[PDB]
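A.B. asks: Quick one, data_1.txt (compact mmCIF, C-alpha atoms and all ligand atoms):
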# COMPACT_ATOMS: atom_id res chain seq x y z
CA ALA M 1 -5.68 21.42 -17.02
CA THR M 2 -8.45 19.48 -15.29
CA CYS M 3 -9.53 15.88 -15.54
CA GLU M 4 -12.97 14.39 -15.41
CA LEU M 5 -13.54 12.11 -12.41
CA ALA M 6 -16.15 9.37 -12.69
CA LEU M 7 -17.32 7.69 -9.51
CA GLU M 8 -19.33 4.55 -9.96
CA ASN M 9 -20.99 1.83 -7.93
CA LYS M 10 -21.24 -1.13 -10.21
CA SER M 11 -23.28 -3.48 -8.16
CA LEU M 12 -23.50 -2.83 -4.52
CA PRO M 13 -27.03 -2.25 -3.24
CA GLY M 14 -27.96 0.92 -1.54
CA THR M 15 -25.85 3.93 -1.20
CA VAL M 16 -22.15 4.34 -1.47
CA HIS M 17 -20.43 7.60 -0.77
CA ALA M 18 -17.18 8.68 -2.31
CA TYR M 19 -14.77 11.24 -0.94
CA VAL M 20 -12.01 12.83 -2.94
CA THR M 21 -9.31 14.24 -0.76
CA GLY M 22 -6.05 15.80 -1.85
CA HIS M 23 -3.42 18.48 -1.65
CA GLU M 24 -4.12 21.27 -4.00
CA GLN M 25 -1.57 21.63 -6.73
CA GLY M 26 0.84 24.35 -5.75
CA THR M 27 -0.85 25.63 -2.64
CA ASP M 28 -0.46 22.32 -0.74
CA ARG M 29 -3.79 23.08 0.86
CA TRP M 30 -5.88 20.12 1.69
CA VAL M 31 -8.86 20.06 -0.55
CA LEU M 32 -11.93 17.87 -0.77
CA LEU M 33 -14.19 17.43 -3.68
CA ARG M 34 -17.75 18.27 -2.92
CA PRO M 35 -21.00 16.64 -3.96
CA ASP M 36 -21.87 19.74 -5.94
CA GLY M 37 -18.63 19.47 -7.97
CA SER M 38 -16.86 22.30 -6.22
CA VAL M 39 -13.78 22.10 -4.08
CA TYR M 40 -13.79 22.49 -0.40
CA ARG M 41 -10.54 24.00 0.79
CA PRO M 42 -10.88 23.78 4.59
CA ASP M 43 -9.42 26.49 6.76
CA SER M 44 -7.39 25.52 9.77
CA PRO M 45 -9.87 24.59 12.53
CA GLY M 46 -10.12 26.20 15.93
CA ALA M 47 -9.31 22.90 17.66
CA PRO M 48 -8.02 19.42 16.89
CA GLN M 49 -10.52 16.72 15.95
CA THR M 50 -12.76 19.37 14.42
CA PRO M 51 -15.43 17.65 12.29
CA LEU M 52 -15.14 18.47 8.64
CA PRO M 53 -17.43 21.54 8.51
CA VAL M 54 -18.72 20.74 5.01
CA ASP M 55 -20.29 17.45 3.97
CA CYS M 56 -17.86 16.22 1.33
CA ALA M 57 -19.45 12.78 1.02
CA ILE M 58 -20.22 12.42 -2.69
CA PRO M 59 -23.36 10.25 -3.05
CA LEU M 60 -22.94 7.63 -5.74
CA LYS M 61 -25.83 6.82 -8.03
CA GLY M 62 -27.28 3.40 -7.32
CA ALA M 63 -25.54 0.25 -8.52
CA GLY M 64 -25.57 0.28 -12.31
CA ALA M 65 -27.05 3.77 -12.67
CA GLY M 66 -23.78 5.10 -14.06
CA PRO M 67 -21.10 7.37 -12.66
CA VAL M 68 -21.15 10.58 -10.74
CA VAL M 69 -19.01 12.62 -13.16
CA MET M 70 -17.29 15.69 -11.71
CA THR M 71 -14.36 17.86 -12.69
CA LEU M 72 -11.24 16.63 -10.93
CA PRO M 73 -8.85 19.53 -10.29
CA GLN M 74 -5.19 18.77 -10.03
CA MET M 75 -4.13 17.64 -6.59
CA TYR M 76 -1.52 15.37 -5.12
CA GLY M 77 -1.37 13.02 -2.20
CA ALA M 78 -4.99 12.51 -3.21
CA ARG M 79 -7.42 9.71 -2.45
CA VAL M 80 -10.79 8.56 -3.62
CA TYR M 81 -12.55 7.00 -0.65
CA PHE M 82 -15.63 4.92 -0.80
CA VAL M 83 -17.82 4.05 2.13
CA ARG M 84 -20.84 1.83 2.27
CA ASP M 85 -24.00 2.74 4.07
CA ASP M 86 -22.51 5.38 6.29
CA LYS M 87 -20.48 8.37 5.57
CA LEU M 88 -16.89 8.82 6.72
CA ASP M 89 -16.05 11.16 9.56
CA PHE M 90 -13.17 13.36 8.46
CA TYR M 91 -11.79 15.77 11.02
CA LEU M 92 -9.52 18.78 10.81
CA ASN M 93 -6.52 19.51 12.92
CA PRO M 94 -4.85 22.92 13.13
CA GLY M 95 -3.01 23.52 9.90
CA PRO M 96 -5.40 22.66 8.39
CA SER M 97 -4.40 19.01 8.66
CA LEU M 98 -7.07 16.59 7.39
CA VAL M 99 -7.58 13.75 9.87
CA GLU M 100 -8.00 10.83 7.40
CA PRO M 101 -9.86 7.70 8.53
CA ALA M 102 -7.29 5.39 10.11
CA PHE M 103 -8.24 2.01 8.63
CA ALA M 104 -5.85 0.22 10.98
CA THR M 105 -6.62 1.93 14.32
CA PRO M 106 -9.64 0.41 16.12
CA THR M 107 -10.46 3.59 18.08
CA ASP M 108 -11.06 5.29 14.73
CA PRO M 109 -14.59 6.66 14.14
CA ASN M 110 -14.60 4.89 10.80
CA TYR M 111 -13.02 1.61 11.94
CA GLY M 112 -16.32 -0.26 12.06
CA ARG M 113 -17.33 1.19 8.72
CA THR M 114 -17.06 -0.50 5.35
CA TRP M 115 -14.76 1.86 3.53
CA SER M 116 -11.85 1.83 1.15
CA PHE M 117 -9.70 4.26 -0.73
CA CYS M 118 -7.29 4.39 -3.61
CA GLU M 119 -4.45 6.87 -3.89
CA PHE M 120 -3.88 9.14 -6.84
CA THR M 121 -2.06 12.30 -7.84
CA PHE M 122 -3.09 14.65 -10.60
CA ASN M 123 -0.44 17.22 -11.50
CA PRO M 124 0.40 18.91 -14.83
CA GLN M 125 2.63 15.95 -15.74
CA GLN M 126 0.13 13.10 -15.26
CA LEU M 127 -2.76 11.67 -13.37
CA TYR M 128 -1.20 8.74 -11.52
CA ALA M 129 -3.59 6.50 -9.66
CA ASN M 130 -2.66 3.44 -7.66
CA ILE M 131 -4.57 0.40 -6.55
CA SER M 132 -2.33 -0.87 -3.79
CA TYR M 133 -2.60 -3.58 -1.18
CA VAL M 134 0.58 -2.59 0.61
CA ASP M 135 -1.49 -1.50 3.60
CA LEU M 136 -4.95 -2.97 3.41
CA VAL M 137 -7.59 -4.80 1.48
CA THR M 138 -11.19 -4.14 2.10
CA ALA M 139 -14.71 -5.20 1.59
CA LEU M 140 -15.17 -2.33 -0.82
CA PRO M 141 -12.49 -3.00 -3.47
CA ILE M 142 -11.88 -0.31 -5.90
CA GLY M 143 -11.25 -0.60 -9.55
CA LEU M 144 -10.23 2.10 -11.88
CA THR M 145 -9.99 3.09 -15.42
CA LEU M 146 -7.86 5.97 -16.59
CA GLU M 147 -8.74 7.33 -20.03
CA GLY M 148 -6.38 9.83 -21.59
CA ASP M 149 -3.76 9.14 -24.23
CA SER M 150 -4.53 5.48 -23.62
CA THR M 151 -7.06 3.58 -21.59
CA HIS M 152 -5.57 2.00 -18.49
CA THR M 153 -7.63 -0.29 -16.29
CA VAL M 154 -6.76 -1.75 -12.93
CA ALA M 155 -8.91 -4.68 -11.94
CA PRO M 156 -10.24 -4.48 -8.38
CA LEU M 157 -10.10 -7.09 -5.76
CA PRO M 158 -12.77 -9.51 -6.94
CA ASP M 159 -15.99 -9.69 -4.97
CA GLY M 160 -15.24 -11.46 -1.71
CA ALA M 161 -11.47 -11.09 -1.91
CA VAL M 162 -11.23 -9.58 1.54
CA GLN M 163 -13.09 -12.50 3.11
CA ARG M 164 -10.79 -14.95 1.29
CA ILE M 165 -7.77 -12.97 2.39
CA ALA M 166 -9.04 -12.82 5.95
CA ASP M 167 -9.76 -16.57 5.98
CA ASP M 168 -6.41 -17.50 4.41
CA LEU M 169 -4.60 -15.28 6.88
CA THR M 170 -6.60 -16.76 9.76
CA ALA M 171 -5.79 -20.22 8.45
CA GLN M 172 -2.15 -19.15 8.30
CA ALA M 173 -2.41 -17.95 11.89
CA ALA M 174 -3.87 -21.31 12.89
CA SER M 175 -0.89 -23.05 11.29
CA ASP M 176 1.97 -20.83 12.50
CA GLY M 177 0.52 -19.19 15.60
CA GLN M 178 1.50 -15.77 14.24
CA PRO M 179 -0.95 -12.84 14.52
CA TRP M 180 -2.11 -12.99 10.89
CA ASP M 181 -5.71 -13.23 12.04
CA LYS M 182 -5.37 -9.97 13.99
CA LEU M 183 -4.79 -8.23 10.65
CA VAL M 184 -8.51 -8.84 10.05
CA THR M 185 -11.10 -6.22 10.92
CA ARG M 186 -14.78 -6.95 11.34
CA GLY M 187 -17.72 -5.22 12.97
CA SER M 188 -20.29 -6.52 15.45
CA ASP M 189 -22.24 -8.17 12.61
CA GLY M 190 -19.39 -10.44 11.52
CA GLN M 191 -18.60 -9.28 7.99
CA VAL M 192 -14.92 -8.72 7.20
CA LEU M 193 -14.36 -4.99 6.68
CA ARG M 194 -10.69 -4.91 5.89
CA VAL M 195 -7.46 -6.75 6.34
CA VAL M 196 -4.34 -4.73 6.96
CA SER M 197 -0.77 -5.58 6.25
CA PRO M 198 1.38 -6.64 9.20
CA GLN M 199 3.27 -3.34 9.45
CA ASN M 200 -0.05 -1.58 10.08
CA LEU M 201 -0.59 -4.00 12.97
CA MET M 202 3.02 -3.69 14.09
CA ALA M 203 3.45 0.08 14.09
CA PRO M 204 1.38 0.71 17.28
CA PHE M 205 4.01 -1.43 19.01
CA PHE M 206 7.02 0.20 17.35
CA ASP M 207 7.67 2.07 20.61
CA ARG M 208 7.52 -1.27 22.52
CA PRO M 209 9.28 -3.77 20.22
CA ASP M 210 9.15 -6.61 22.72
CA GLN M 211 5.37 -6.71 22.29
CA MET M 212 5.28 -6.06 18.56
CA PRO M 213 3.19 -8.64 16.70
CA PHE M 214 5.32 -10.66 14.25
CA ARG M 215 8.53 -9.32 15.83
CA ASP M 216 10.19 -12.74 15.56
CA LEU M 217 8.43 -14.11 12.47
CA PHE M 218 11.53 -13.64 10.33
CA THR M 219 14.24 -13.72 12.99
CA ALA M 220 15.31 -17.33 12.47
CA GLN M 221 15.11 -16.96 8.71
CA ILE M 222 17.06 -13.76 8.73
CA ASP M 223 19.80 -15.46 10.68
CA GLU M 224 19.82 -18.30 8.18
CA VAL M 225 20.09 -15.80 5.32
CA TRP M 226 22.82 -13.76 6.99
CA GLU M 227 24.70 -16.97 7.71
CA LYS M 228 24.40 -18.18 4.11
CA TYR M 229 25.87 -14.98 2.74
CA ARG M 230 28.71 -15.02 5.20
CA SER M 231 30.14 -17.85 3.11
CA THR M 232 28.83 -17.14 -0.39
CA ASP M 233 27.88 -14.17 -2.48
CA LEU M 234 24.46 -12.65 -2.73
CA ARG M 235 24.19 -11.31 -6.26
CA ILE M 236 21.54 -8.65 -6.70
CA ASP M 237 20.73 -7.66 -10.23
CA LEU M 238 20.11 -3.93 -10.08
CA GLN M 239 18.46 -4.41 -13.48
CA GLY M 240 17.83 -1.69 -16.01
CA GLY M 241 21.19 -2.69 -17.42
CA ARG M 242 22.94 -1.60 -14.23
CA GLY M 243 24.23 -5.11 -13.70
CA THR M 244 24.54 -7.16 -10.59
CA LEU M 245 26.30 -6.30 -7.38
CA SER M 246 27.69 -9.11 -5.28
CA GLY M 247 27.28 -8.92 -1.53
CA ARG M 248 28.66 -10.73 1.47
CA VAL M 249 27.76 -10.67 5.14
CA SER M 250 30.66 -9.53 7.35
CA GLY M 251 29.54 -9.94 10.93
CA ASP M 252 26.00 -8.54 10.69
CA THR M 253 26.62 -6.18 7.80
CA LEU M 254 25.68 -7.44 4.37
CA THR M 255 28.17 -5.53 2.26
CA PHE M 256 27.99 -5.17 -1.50
CA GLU M 257 30.65 -4.08 -3.90
CA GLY M 258 30.41 -0.33 -3.88
CA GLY M 259 30.48 -0.41 -0.09
CA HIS M 260 26.69 -0.62 0.13
CA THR M 261 25.99 -1.86 3.61
CA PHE M 262 22.88 -3.42 5.06
CA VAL M 263 22.69 -4.23 8.73
CA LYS M 264 20.92 -7.42 9.67
CA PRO M 265 17.19 -6.81 9.20
CA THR M 266 14.37 -7.61 11.56
CA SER M 267 10.89 -8.92 10.92
CA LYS M 268 9.85 -5.29 11.37
CA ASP M 269 12.27 -4.20 8.64
CA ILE M 270 11.01 -6.83 6.21
CA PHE M 271 7.40 -5.87 6.78
CA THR M 272 7.82 -2.09 6.74
CA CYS M 273 10.53 -2.12 4.03
CA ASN M 274 11.48 1.13 5.73
CA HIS M 275 13.51 0.41 8.89
CA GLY M 276 16.85 -1.22 9.64
CA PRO M 277 18.71 -1.89 6.39
CA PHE M 278 15.59 -0.84 4.44
CA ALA M 279 15.20 2.56 6.07
CA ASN M 280 14.94 5.07 3.28
CA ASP M 281 17.79 7.54 3.24
CA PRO M 282 18.29 10.38 0.71
CA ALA M 283 22.06 9.88 1.20
CA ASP M 284 21.65 6.44 -0.39
CA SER M 285 23.13 6.17 -3.85
CA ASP M 286 20.89 4.79 -6.58
CA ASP M 287 22.74 1.48 -6.43
CA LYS M 288 22.21 1.26 -2.66
CA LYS M 289 18.55 2.10 -3.18
CA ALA M 290 18.25 -0.54 -5.90
CA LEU M 291 19.99 -3.04 -3.63
CA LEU M 292 17.75 -2.03 -0.74
CA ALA M 293 14.60 -2.54 -2.82
CA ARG M 294 15.65 -5.93 -4.08
CA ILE M 295 16.87 -7.26 -0.74
CA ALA M 296 13.69 -6.15 1.03
CA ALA M 297 11.63 -7.69 -1.76
CA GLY M 298 13.64 -10.91 -1.63
CA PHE M 299 13.18 -11.17 2.14
CA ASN M 300 9.46 -10.50 1.82
CA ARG M 301 9.24 -13.19 -0.85
CA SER M 302 11.49 -15.53 1.15
CA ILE M 303 13.84 -16.14 -1.78
CA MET M 304 17.00 -15.06 0.03
CA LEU M 305 18.11 -18.61 0.82
CA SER M 306 16.81 -20.17 -2.37
CA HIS M 307 18.07 -17.60 -4.87
CA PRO M 308 21.58 -16.21 -4.34
CA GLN M 309 21.03 -14.23 -7.52
CA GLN M 310 17.92 -12.17 -7.81
CA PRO M 311 15.55 -10.86 -8.92
CA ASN M 312 16.48 -12.05 -12.40
CA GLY M 313 16.29 -15.80 -12.63
CA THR M 314 13.53 -15.89 -10.03
CA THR M 315 9.85 -15.90 -10.77
CA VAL M 316 6.70 -15.40 -8.80
CA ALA M 317 6.54 -19.14 -8.33
CA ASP M 318 9.64 -18.84 -6.15
CA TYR M 319 7.93 -16.40 -3.81
CA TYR M 320 6.32 -17.09 -0.46
CA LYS M 321 7.37 -20.71 -0.07
CA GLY M 322 7.68 -22.17 3.40
CA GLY M 323 6.13 -21.34 6.73
CA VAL M 324 8.05 -18.11 7.28
CA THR M 325 7.24 -15.60 4.56
CA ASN M 326 5.18 -12.47 4.11
CA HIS M 327 1.90 -14.35 4.18
CA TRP M 328 0.03 -11.08 3.90
CA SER M 329 1.64 -10.59 0.53
CA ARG M 330 1.27 -14.25 -0.41
CA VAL M 331 -2.41 -14.25 0.50
CA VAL M 332 -3.20 -10.86 -1.02
CA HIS M 333 -1.50 -11.93 -4.25
CA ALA M 334 -3.37 -15.23 -4.25
CA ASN M 335 -6.60 -13.30 -3.91
CA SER M 336 -6.03 -10.34 -6.19
CA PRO M 337 -5.50 -10.09 -9.94
CA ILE M 338 -3.07 -7.18 -9.87
CA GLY M 339 -1.53 -4.68 -7.47
CA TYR M 340 1.30 -4.81 -4.96
CA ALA M 341 0.98 -6.31 -1.52
CA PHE M 342 4.12 -4.96 0.09
CA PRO M 343 6.29 -1.85 -0.37
CA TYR M 344 8.93 -3.40 -2.61
CA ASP M 345 6.55 -5.63 -4.53
CA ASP M 346 7.48 -3.58 -7.60
CA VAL M 347 10.75 -5.50 -7.62
CA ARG M 348 10.15 -7.92 -10.44
CA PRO M 349 12.43 -10.14 -12.52
CA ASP M 350 13.07 -8.67 -15.92
CA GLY M 351 10.53 -9.95 -18.40
CA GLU M 352 8.08 -10.86 -15.66
CA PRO M 353 4.89 -8.85 -16.19
CA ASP M 354 4.22 -5.56 -14.41
CA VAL M 355 1.76 -6.35 -11.66
CA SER M 356 1.47 -2.86 -10.20
CA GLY M 357 -2.01 -1.61 -9.58
CA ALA M 358 -0.95 1.72 -11.05
CA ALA M 359 -2.74 3.57 -13.79
CA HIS M 360 -1.14 6.69 -15.15
CA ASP M 361 -1.68 8.85 -18.20
CA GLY M 362 0.08 12.03 -19.27
CA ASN M 363 -3.11 13.68 -20.52
CA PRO M 364 -5.91 12.21 -18.42
CA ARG M 365 -9.41 12.87 -19.71
CA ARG M 366 -11.51 10.68 -17.41
CA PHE M 367 -10.52 8.91 -14.22
CA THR M 368 -13.24 6.34 -13.58
CA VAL M 369 -13.10 4.98 -10.05
CA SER M 370 -15.57 2.24 -9.25
CA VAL M 371 -16.69 -0.07 -6.49
CA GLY M 372 -18.65 -3.25 -6.96
CA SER M 373 -18.38 -5.35 -10.14
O1 LIG Q 1 -2.29 3.66 2.16
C1 LIG Q 1 -2.17 3.82 3.57
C2 LIG Q 1 -1.06 4.82 3.88
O2 LIG Q 1 -1.39 6.09 3.32
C3 LIG Q 1 -0.31 7.01 3.41
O3 LIG Q 1 -0.60 7.88 2.74
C4 LIG Q 1 -0.35 8.03 1.34
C5 LIG Q 1 0.90 8.89 1.14
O4 LIG Q 1 0.82 10.05 1.97
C6 LIG Q 1 1.05 9.32 -0.32
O5 LIG Q 1 2.21 10.16 -0.46
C7 LIG Q 1 2.77 9.95 -1.76
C8 LIG Q 1 4.29 10.01 -1.73
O6 LIG Q 1 4.82 9.51 -0.49
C9 LIG Q 1 4.77 11.44 -1.96
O7 LIG Q 1 4.20 12.30 -0.97
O8 LIG Q 1 4.40 11.91 -3.26
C10 LIG Q 1 3.22 11.33 -3.82
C11 LIG Q 1 2.63 12.27 -4.86
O9 LIG Q 1 1.71 13.18 -4.24
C12 LIG Q 1 2.22 11.01 -2.71
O10 LIG Q 1 0.99 10.55 -3.29
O11 LIG Q 1 -0.14 9.96 -0.76
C13 LIG Q 1 -1.24 9.06 -0.77
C14 LIG Q 1 -2.44 9.72 -1.43
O12 LIG Q 1 -2.25 9.72 -2.85
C15 LIG Q 1 -1.56 8.66 0.67
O13 LIG Q 1 -2.65 7.72 0.67
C16 LIG Q 1 0.04 7.28 4.87
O14 LIG Q 1 -1.01 8.05 5.47
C17 LIG Q 1 0.24 5.99 5.66
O15 LIG Q 1 0.28 6.29 7.06
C18 LIG Q 1 -0.87 4.99 5.38
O16 LIG Q 1 -0.53 3.72 5.96
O1 LIG Q 2 0.90 1.77 -1.59
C1 LIG Q 2 0.69 2.20 -0.26
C2 LIG Q 2 1.74 3.27 -0.07
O2 LIG Q 2 1.41 4.42 -0.87
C3 LIG Q 2 2.59 5.13 -1.22
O3 LIG Q 2 2.51 6.26 -2.14
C4 LIG Q 2 2.20 6.10 -3.56
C5 LIG Q 2 3.33 6.42 -4.56
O4 LIG Q 2 4.33 7.18 -3.89
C6 LIG Q 2 2.97 7.11 -5.89
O5 LIG Q 2 3.95 8.00 -6.43
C7 LIG Q 2 3.69 8.33 -7.81
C8 LIG Q 2 4.67 7.76 -8.86
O6 LIG Q 2 5.71 7.05 -8.23
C9 LIG Q 2 5.07 8.69 -10.03
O7 LIG Q 2 6.36 8.56 -10.64
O8 LIG Q 2 4.97 10.03 -9.70
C10 LIG Q 2 3.65 10.31 -9.38
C11 LIG Q 2 3.44 11.81 -9.44
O9 LIG Q 2 3.40 12.30 -10.76
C12 LIG Q 2 3.38 9.79 -7.99
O10 LIG Q 2 1.99 9.93 -7.85
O11 LIG Q 2 1.70 7.72 -5.95
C13 LIG Q 2 0.65 7.08 -5.27
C14 LIG Q 2 -0.59 7.94 -5.48
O12 LIG Q 2 -0.37 9.32 -5.22
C15 LIG Q 2 1.02 7.01 -3.82
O13 LIG Q 2 -0.03 6.52 -3.04
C16 LIG Q 2 3.31 5.52 0.09
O14 LIG Q 2 3.13 6.89 0.43
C17 LIG Q 2 3.15 4.62 1.34
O15 LIG Q 2 3.24 5.30 2.60
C18 LIG Q 2 1.94 3.71 1.35
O16 LIG Q 2 2.17 2.64 2.27
Represent the structure from my file as structure tokens, please.
Ligand SMILES: OC[C@H]1O[C@@H](O[C@@H]2[C@H](O)[C@H](O[C@@H]3[C@H](O)[C@H](O)O[C@H](CO)[C@H]3O)O[C@H](CO)[C@H]2O)[C@@H](O)[C@@H](O)[C@@H]1O
Ligand SMILES: OC[C@H]1O[C@@H](O[C@@H]2[C@H](O)[C@H](O[C@@H]3[C@H](O)[C@H](O)O[C@H](CO)[C@H]3O)O[C@H](CO)[C@H]2O)[C@@H](O)[C@@H](O)[C@@H]1O
C.D. replies:
Amino acid sequence: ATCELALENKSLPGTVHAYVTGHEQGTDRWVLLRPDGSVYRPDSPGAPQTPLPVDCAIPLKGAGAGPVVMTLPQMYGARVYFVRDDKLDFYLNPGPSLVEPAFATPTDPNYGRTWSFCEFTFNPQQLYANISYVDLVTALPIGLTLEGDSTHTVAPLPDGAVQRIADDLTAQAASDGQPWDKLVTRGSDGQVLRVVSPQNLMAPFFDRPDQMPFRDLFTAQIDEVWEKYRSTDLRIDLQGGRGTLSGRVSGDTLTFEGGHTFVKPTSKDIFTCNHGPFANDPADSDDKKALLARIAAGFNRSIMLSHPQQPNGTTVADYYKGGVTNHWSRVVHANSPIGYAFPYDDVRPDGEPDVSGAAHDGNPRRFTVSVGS
């Protein structure tokens, strides 16, 4: 089947362009939605950094004029981009490999531009869209509504959220001297374009860890946590009725019943939720993966010392206390109504509300993606 895609600028003045980029269902061929409603399946270019040969910028009707409504074909790994004023320069690399705007890299053609995107996937099973602040918040927050079986709505960042986030993070940086302010991205004019999560600022330095921003943010805290659980159990409720597993630190290995082992994490690990003890590994049993998720989340939320049993029994009010925490997540959460701010933010105490920015429907009829308010 196909879904109807509605692109809408609710209030921003002037012209906003949307791009819809994805991997075609089955073929895996990068596809872009075109302004005319057709799909542009690029061929592999003759060189890297080959400008997208077709203009796939979809011009949005003016603020309030209603949506651009096209047919959304099924595609995965898909994005709806929005960009204000300008268009976005997409390139092609041999493959074809779409060169997506790199929100976090300053050399990027689009870096100085005001642009955002949300991720979605539309396959025969469901349209699954995701508002997510794991990586960045921008000056062009996206909201969505998915109409199918049910109506699902994800509230955007409110107007001005990215400025608030940038200011809070700069304030944080003033207090702790950590590079939170460097997560902020602004053009020559002064307006905040985006703020990126620490991992996106840290990954350029992954090859040179001794210069990585934030590298020692969590180091002291991690040592305190590892020391705590040398002498007392860490109980992680796997939830879903799977029960808790009790863990202890032996040397630098946090070991849970079931022999699930977690080496001592680094600030990098906590931020990426994907290195050190939080490195994904298909060999990991479900229990290990559940443990992994909850331990990463608990470190990000800085509840490892305060809550030897988690996530059940903790609440959001326990998160992000003290000087050393994932202030990106704290600040994003402060400044956003819904949506995750770090990779294991989906870890939530039972009975706490789902705060994912996800919208999914098994029979999507219209996927309204909007900027403005
Ligand atoms: O948000 C910034 C990050 O975007 C990343 O890209 C994501 C990612 O590629 C994602 O893949 C999903 C799953 O990992 C898996 O491939 O299956 C689902 C179903 O298709 C995928 O959606 O796809 C989204 C687009 O929906 C895409 O944005 C990376 O490029 C990161 O480098 C980047 O920080
Ligand atoms: O949030 C930023 C991060 O985006 C990530 O990718 C997400 C995610 O993987 C998601 O998967 C979907 C569901 O989990 C679902 O069960 O299955 C559907 C397919 O039917 C999946 O779509 O999908 C969203 C949107 O496609 C996707 O962005 C990561 O890839 C990270 O790299 C990134 O930081």
A.B. asks: Near residue 151 (chain M), within 9 Å and counting only C-alpha atoms, which residues show up once chain neighbours fewer than 5 positions away are dropped, as a list in words?
C.D. replies: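 Residues near the query, excluding close chain neighbours: residues 145, 146, 359 and 361 of chain M.
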A.B. asks: Please report the interatomic distance between CA of residue 25 (chain M) and CA of residue 48 (chain M) in Å with one decimal.
C.D. replies: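 Distance between the two atoms: 24.6 Å.
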A.B. asks: Residue 219 (chain M): which residues within 8 Å, counting only C-alpha atoms, same-chain residues fewer than 3 positions away excluded, as a PDB file with C-alpha atoms, keeping the file's coordinate frame?
C.D. replies:
ATOM      1  CA  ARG M 215       8.530  -9.320  15.830  1.00  0.00           C
ATOM      2  CA  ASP M 216      10.190 -12.740  15.560  1.00  0.00           C
ATOM      3  CA  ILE M 222      17.060 -13.760   8.730  1.00  0.00           C
ATOM      4  CA  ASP M 223      19.800 -15.460  10.680  1.00  0.00           C
ATOM      5  CA  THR M 266      14.370  -7.610  11.560  1.00  0.00           C
ATOM      6  CA  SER M 267      10.890  -8.920  10.920  1.00  0.00           C
TER       7      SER M 267
END
A.B. asks: I'd like the contact shell of residue 154 (chain M) - 8 Å cut-off, all atoms listed in the file, skipping same-chain residues fewer than 4 positions apart - returned as a list in words.
C.D. replies: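 What passes the distance filter is residues 131, 143, 144, 145, 338, 357, 358 and 359 of chain M.
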A.B. asks: Write a file of the just-selected residues containing C-alpha atoms, as an mmCIF file, keeping the file's coordinate frame.
C.D. replies:
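Result file is result04.cif:
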data_model
loop_
_atom_site.group_PDB
_atom_site.id
_atom_site.type_symbol
_atom_site.label_atom_id
_atom_site.label_comp_id
_atom_site.auth_asym_id
_atom_site.auth_seq_id
_atom_site.Cartn_x
_atom_site.Cartn_y
_atom_site.Cartn_z
ATOM 1 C CA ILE M 131 -4.570 0.400 -6.550
ATOM 2 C CA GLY M 143 -11.250 -0.600 -9.550
ATOM 3 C CA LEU M 144 -10.230 2.100 -11.880
ATOM 4 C CA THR M 145 -9.990 3.090 -15.420
ATOM 5 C CA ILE M 338 -3.070 -7.180 -9.870
ATOM 6 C CA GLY M 357 -2.010 -1.610 -9.580
ATOM 7 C CA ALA M 358 -0.950 1.720 -11.050
ATOM 8 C CA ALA M 359 -2.740 3.570 -13.790
#
A.B. asks: Kindly provide the residues of region 148-178 of chain M that approach region 184-206 of chain M to within 7 Å, each paired with its closest atom pair and their distance in Å to one decimal, based on only C-alpha atoms, listed by chain and increasing number, as JSON lines.
C.D. replies:
{"residue": "M:162", "atom": "CA", "partner": "M:194", "partner_atom": "CA", "distance": 6.4}
{"residue": "M:163", "atom": "CA", "partner": "M:192", "partner_atom": "CA", "distance": 5.9}
{"residue": "M:166", "atom": "CA", "partner": "M:184", "partner_atom": "CA", "distance": 5.7}
A.B. asks: Using CA of residue 89 (chain M) and CA of residue 373 (chain M) as the two end points, give the distance in Å to one decimal.
C.D. replies: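 Taking CA of residue 89 (chain M) and CA of residue 373 (chain M), their separation equals 25.8 Å.
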A.B. asks: Ranking M:337, M:14, M:282, M:364 by minimum distance to residue 158 (chain M) and counting all atoms listed in the file, which one comes first?
C.D. replies: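 That would be M:337, the residue with the smallest distance to residue 158 (chain M).
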A.B. asks: Show me as a ChimeraX atom specification the residues that reach within 6 Å of (3.7, -6.3, -12.8), counting only C-alpha atoms and using the file's own coordinates.
C.D. replies: /M:353-356
A.B. asks: Please, what distance in Å, to one decimal, runs between CA of residue 251 (chain M) and CA of residue 304 (chain M)?
C.D. replies: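 These atoms are spaced 17.4 Å apart.
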A.B. asks: Enumerate, in order of chain and increasing residue number, the residues of chain M with an atom no farther than 9 Å from ligand LIG 2 (chain Q), each with its shortest atom pair and distance in Å to one decimal, counting only C-alpha atoms and all ligand atoms, as a tab-separated table.
C.D. replies:
residue	atom	partner	partner_atom	distance
M:76	CA	Q:LIG2	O12	6.2
M:77	CA	Q:LIG2	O12	4.9
M:78	CA	Q:LIG2	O12	6.0
M:79	CA	Q:LIG2	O12	7.6
M:118	CA	Q:LIG2	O13	7.6
M:119	CA	Q:LIG2	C14	4.3
M:120	CA	Q:LIG2	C14	3.8
M:121	CA	Q:LIG2	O12	4.3
M:122	CA	Q:LIG2	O9	6.9
M:123	CA	Q:LIG2	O9	6.3
M:124	CA	Q:LIG2	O9	8.3
M:125	CA	Q:LIG2	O9	6.2
M:126	CA	Q:LIG2	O9	5.6
M:127	CA	Q:LIG2	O9	6.7
M:128	CA	Q:LIG2	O10	5.0
M:129	CA	Q:LIG2	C14	5.3
M:130	CA	Q:LIG2	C14	5.4
M:131	CA	Q:LIG2	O1	7.5
M:132	CA	Q:LIG2	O1	4.7
M:133	CA	Q:LIG2	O1	6.4
M:134	CA	Q:LIG2	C1	4.9
M:135	CA	Q:LIG2	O16	5.7
M:136	CA	Q:LIG2	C1	8.5
M:272	CA	Q:LIG2	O16	8.6
M:340	CA	Q:LIG2	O1	7.4
M:341	CA	Q:LIG2	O1	8.1
M:342	CA	Q:LIG2	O1	7.6
M:343	CA	Q:LIG2	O1	6.6
M:358	CA	Q:LIG2	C13	8.0
M:360	CA	Q:LIG2	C9	8.3
